[PDB]
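*Asks:* Please read through the structure below; I'll follow up with questions.
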Amino acid sequence: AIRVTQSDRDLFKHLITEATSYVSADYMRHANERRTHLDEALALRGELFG
Amino acid sequence: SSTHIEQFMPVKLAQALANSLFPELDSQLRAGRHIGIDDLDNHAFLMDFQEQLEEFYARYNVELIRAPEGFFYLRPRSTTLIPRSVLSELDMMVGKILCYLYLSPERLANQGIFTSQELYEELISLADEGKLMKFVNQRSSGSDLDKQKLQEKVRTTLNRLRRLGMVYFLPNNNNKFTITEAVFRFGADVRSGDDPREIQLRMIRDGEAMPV
Amino acid sequence: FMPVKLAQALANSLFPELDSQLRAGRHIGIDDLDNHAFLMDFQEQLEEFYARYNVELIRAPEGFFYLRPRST
Amino acid sequence: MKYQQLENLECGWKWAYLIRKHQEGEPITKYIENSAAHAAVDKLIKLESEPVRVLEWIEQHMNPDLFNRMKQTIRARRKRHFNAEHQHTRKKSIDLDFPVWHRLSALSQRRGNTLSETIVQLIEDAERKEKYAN
Amino acid sequence: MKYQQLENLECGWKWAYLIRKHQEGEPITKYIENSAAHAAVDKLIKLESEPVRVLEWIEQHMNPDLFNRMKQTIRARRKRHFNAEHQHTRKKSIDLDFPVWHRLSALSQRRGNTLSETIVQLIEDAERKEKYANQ
Amino acid sequence: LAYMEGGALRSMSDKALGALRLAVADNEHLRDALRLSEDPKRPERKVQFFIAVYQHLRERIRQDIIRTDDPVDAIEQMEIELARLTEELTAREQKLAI
DNA sequence: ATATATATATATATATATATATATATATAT
DNA sequence: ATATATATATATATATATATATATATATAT
DNA sequence: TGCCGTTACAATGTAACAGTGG
DNA sequence: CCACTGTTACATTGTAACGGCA
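Set out below in structure tokens:
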């Protein structure tokens, strides 16, 4: 029972931590580049109008 | 490719059917034996390859069914390829009583080991002595000869249930036994808090219980 | 694993009825064309399958098949 | 009907396509149970070198939803096979940067022409402008 | 180096390339003996979930022919994967009839520019005509 | 992570995928979802796979008391159970010795 | 009340695989 | 020119798993 | 309608050229 | 020099959508 429960706990911990690490990194990236692209686009729009 | 097991049978089902435990378990199951937690090897075998065996046995028009209590068994359908049979009303009395003893704390000192005498005493305590005796013999009025006849009938029904796995005789004693969780099936008509007359129809529709 | 031809014989849709009738002791003769042909074809494997049950699948000189239980 | 259909060729095409799809994981057969699907796939695998029986195999075990895709794939294969004989009937494939393609497709949709017709007209106009200047 | 090299991605790409090549029937192995080639392929198959060891399997049993095609294919796959992020960096595939493509390629080779550049110049001349018509 | 730049995020995502490849080889559909999650044209796929991981660990719960279906919550209950089992193991080995 | 069927356990003999020790011919150190 | 070490073959006998037959308890049915 | 040609793509693989830095 | 990378111009196969025609 001890062996099984320890294996289950280790598997859960590793899976959860690695999935969060894999996903949140790219999510934050996409957010940062989205902000940057919006900032870039505003100036072009302003110049274009005049 | 040809000469390849997946052509005819799934790999896990074939592995299960080729295991050394399969034949004894299959013969017992077809005989009507219920499987409880006590038969650790057989119970684990059923758990591991549970799905393969339900689909295999479906070919016989019989459902391998695991009750919520955790005991597997076979329920034949109306189109069963394996014959079907129903327990006697006295068998129901003894099974309900056995479930009571499983759940009864007064007999906790027994630690699960019970003698047929105690079972009969409890049966007469909860049932109607003479009106239950009526079934043993139509002309009974409390005669002690008929009393012994009822005791013998109860013993015989207990032996049959032992054959069904609801009860185990002790490794050396056939006069003492230990109850198994399978007995819970005798309460399937009351496990749900609804009107008895609707639950009986539900069960009979499901094939769980025919009438008499 | 399992013998391949044994898996083929067991998987055949005729197997459930024939198995029930054999375990019921019924004797399969030449009259049952489909069952007799199936047993003829797959005897080499059904003998082992039913020997796993400590039973013998016997083809009589007349030809009919049956199951003979051992002591075990 | 413009291109004549040849059985020993289109049947080999169909066999290769189905084997490719099976190797790719596509469910070739209509049988959900794995045993029947595997048996049919083995029949197909050993069925190589046979048009008259691969056609029947298709009629009997083929997945219903792949019929249209297989039909159009064979159509395209036939057309390409017949067009690949002569240089002028062949087709040249190129990759265009997204802005250039966007503008070209805008023009093509606007004028109702195809990409080939639109580019031909534009090149002819460029030549005409050259001659105008020259 | 313009594109970041990711080891755990390029390794998976390489493994998929090897497996695809093998199942296509080509001799990825450098072994002429059937048994050693089969064993090496089986080990590669076992290496599915361990892309890191795939580089070593390459250095031990990869056919010497395939270095150039390998280094070409993974390079192109990297470029395409990084360009696919944004539309404006993507590529569009189109098919052209032989006469049309012949004329276009002759014109491009005349002007010494890529096909996209030639199309840009052409569409820009057409749009200049349209613009002066509009004004 | 907000401070860092794209390169480090990409590198650590690659490392996480490397860990996952080992952590997922056993499963078939979860592994397939992980593989599909690699397309750069459809970032949402990533999130879907994440859900699957949860949608996996939810079914790995053993019995009712550990049905804190939030996987991150079951860790504490499981650690409590491991500690408990340690005490019973000590008692049981003492009993076996005697 | 007793004949009879059924399940279980033990003793007994068969058949096969395998480790042990010895005999014989050849190889190689003395 | 010799004797010891090796490889080969063989019988011995050791152990296991199988299959058979008999005794027993005892639960059923007339 | 269903087949049949036809177009416009998508995905991947290669050869060839141009750059870049060790 | 040499190797490794970025890029273009293809090929190859598959697919969905139009439109013609019996």
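Protein chains in written order, with full-length UniProt numbering: chain U, 248 to 297; chain C, 2 to 213; chain D, 9 to 80; chain V, 1 to 134; chain H, 1 to 135; chain E, 1138 to 1235.
No residue lacks a Cβ here, since even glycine has one placed at the ideal position from N, Cα and C.
1. Let's see if you can read the secondary structure: which residues bound the beta strand (DSSP E) around E:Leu-1226?
2. Starting from H:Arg-111, follow the alpha helix (DSSP H) in both directions and report where the run begins and ends.
3. Closest to D:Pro-24 by CA distance: which of D:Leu-75, D:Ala-59, D:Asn-43 and D:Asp-49 is it?
4. From what residue to what residue does the alpha helix (DSSP H) around H:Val-54 run?
5. Given that a residue counts as buried once 16 or more other Cβ atoms are within 10 Å of its Cβ, and exposed if not, what is C:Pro-197?
6. At 7 angstroms on the CB atoms, spell out the chain U contacts of E:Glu-1218, in chain order.
7. Closest Cβ-Cβ distance between V:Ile-45 and chain C: below 8 angstroms?
8. If you draw a straight line from the alpha carbon of U:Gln-253 to that of C:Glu-52, how long is it in whole angstroms?
9. My output table needs one value for C:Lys-13: the three-state DSSP class, helix, strand or coil.
10. Secondary structure at D:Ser-28, three-state DSSP: helix, strand or coil?
11. Could you tell me the alpha carbon to alpha carbon distance between H:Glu-117 and H:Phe-67, rounded to whole angstroms?
12. Pick helix, strand or coil for E:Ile-1198, following the three-state DSSP scheme.
13. Which value, in whole angstroms, describes the spacing of the CA atoms of H:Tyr-3 and E:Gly-1144?
14. With E:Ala-1160 and U:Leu-262 assumed to form a contact (beta carbons below 8 angstroms), what rounded beta-carbon distance in angstroms separates them?
15. Spell out a yes or no on whether the region 182-202 of chain C and the region 95-102 of chain C are touching, meaning 3 or more CB-CB pairs, one atom from each, closer than 8 angstroms.
16. For V:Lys-92, which beta-bridge partners are listed by DSSP?
17. Apart from the five residues just before and just after H:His-22, which ones in its own chain have a Cβ nearer than 7 angstroms to its Cβ?
18. When burial is assigned at 16 or more other CB atoms within 10 Å of the CB, is C:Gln-8 buried or exposed?
19. Answer yes or no: do H:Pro-51 and H:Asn-8 have a C-beta to C-beta separation smaller than 8 angstroms?
20. Looking at chain V, which residues of the region 5-18 of chain C have a Cβ within less than 8 angstroms of any of its Cβ atoms?
21. Give me, in chain order, the residues of the same chain whose beta-carbon lies closer than 8 angstroms to that of C:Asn-111; leave out the 5 immediate sequence neighbours on both sides.
22. Which residue's Cα is closest to the Cα of H:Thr-73: H:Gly-12, H:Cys-11, H:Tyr-17 and H:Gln-5?
23. At the 8 angstroms Cβ level, is E:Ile-1202 part of the contact set with chain U, yes or no?
24. Decide yes or no for the touch test of the region 133-150 of chain C against the region 196-213 of chain C: beta carbon pairs closer than 8 angstroms, at least 3 of them.
25. Which residues does DSSP pair with H:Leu-47 in a beta bridge?
26. How big is the Cα-Cα spacing for U:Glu-265 and H:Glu-85?
27. What residues from the region 6-29 of chain H come within 9 angstroms of chain E, judged by C-beta to C-beta, listed N to C?
28. How about E:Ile-1212 and U:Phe-259: are their beta carbons less than 8 angstroms apart?
29. Taking any Cβ of chain D, which residues in the region 47-60 of chain C have a Cβ under 8 angstroms from it, in chain order?
30. Apart from the five residues just before and just after V:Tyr-132, which ones in its own chain have a Cβ nearer than 7 angstroms to its Cβ?
31. Compare the C-alpha of V:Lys-30 against each of V:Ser-105, V:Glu-59, V:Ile-119 and V:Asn-134 and name the closest.
32. Taking DSSP as the reference, what is the three-state secondary structure of V:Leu-6?
33. Strictly below 7 angstroms CB to CB, what residues from chain E border H:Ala-84?
34. List the residues that DSSP assigns as beta-bridge partners of C:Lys-177.
35. For D:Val-63, write down the residues that DSSP places opposite it in a beta bridge.
36. Just by C-beta distance, which residues in the region 114-129 of chain H are closer than 7 angstroms to chain V?
*Replies:* So, to answer that:
1. Segment 1208-1234 is the alpha helix (DSSP H) holding E:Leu-1226; no beta strand (DSSP E) there.
2. For H:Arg-111, the enclosing alpha helix (DSSP H) has its first and last residue at 98-111.
3. Considering only alpha carbons, the answer is D:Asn-43.
4. H:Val-54 -> alpha helix (DSSP H) spans 52-61.
5. By the 10 Å Cβ count, C:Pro-197 comes out exposed.
6. Neighbours of E:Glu-1218 on chain U, chain order: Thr-252.
7. Yes, contact with chain C.
8. Cα-Cα distance, rounded: 28 angstroms.
9. Helix.
10. D:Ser-28: helix per DSSP, three-state reduction.
11. Distance from the CA atom of H:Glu-117 to the CA atom of H:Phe-67, rounded to whole angstroms, is 32 angstroms.
12. Looking at E:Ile-1198 - three-state DSSP - the assignment turns out to be coil, as it is neither helix nor strand.
13. Distance between the alpha carbons of H:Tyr-3 and E:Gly-1144 is about 10 angstroms.
14. Right, their Cβ atoms sit about 6 angstroms apart.
15. The region 182-202 of chain C makes contact with the region 95-102 of chain C; the number of CB pairs closer than 8 angstroms reaches 3 or more.
16. Note: V:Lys-92 sits in a beta bridge opposite H:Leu-96.
17. Short of 7 angstroms from the beta carbon of H:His-22, and not among the five residues preceding or following it, lie these beta carbons of its own chain, in chain order: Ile-28 and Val-41.
18. Around the beta carbon of C:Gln-8, 16 or more other beta carbons lie within 10 angstroms, which makes this residue buried.
19. A contact, by the Cβ cut-off of 8 angstroms.
20. Those would be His-5, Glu-7, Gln-8, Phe-9, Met-10 and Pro-11, in chain order.
21. Closer than 8 angstroms at Cβ, skipping near neighbours: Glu-119.
22. Its Cα nearest to that of H:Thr-73, the residue H:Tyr-17 stands out among H:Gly-12, H:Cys-11, H:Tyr-17 and H:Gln-5.
23. Not one chain U Cβ lies under 8 angstroms of E:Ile-1202.
24. Not touching, per the Cβ criterion.
25. Partner residues in a beta bridge of H:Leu-47, as assigned by DSSP, do not exist.
26. About 24 angstroms.
27. Answer in chain order: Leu-6, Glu-7, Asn-8, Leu-9, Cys-11 and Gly-12.
28. For the pair E:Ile-1212 and U:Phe-259, the CB atoms are nearer than the 8 angstroms cut-off.
29. Only those residues of the region 47-60 of chain C whose C-beta falls short of 8 angstroms from the nearest C-beta of chain D are listed: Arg-60.
30. So no residue of the chain qualifies.
31. Looking at the Cα atoms, V:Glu-59 is the closest of the given residues.
32. It is coil, neither helix nor strand.
33. Correct list: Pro-1177 and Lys-1178.
34. Partner(s): C:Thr-116.
35. In DSSP, D:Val-63 forms a bridge with D:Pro-77.
36. Residues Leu-115, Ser-116, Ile-119, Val-120, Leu-122, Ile-123, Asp-125 and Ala-126.
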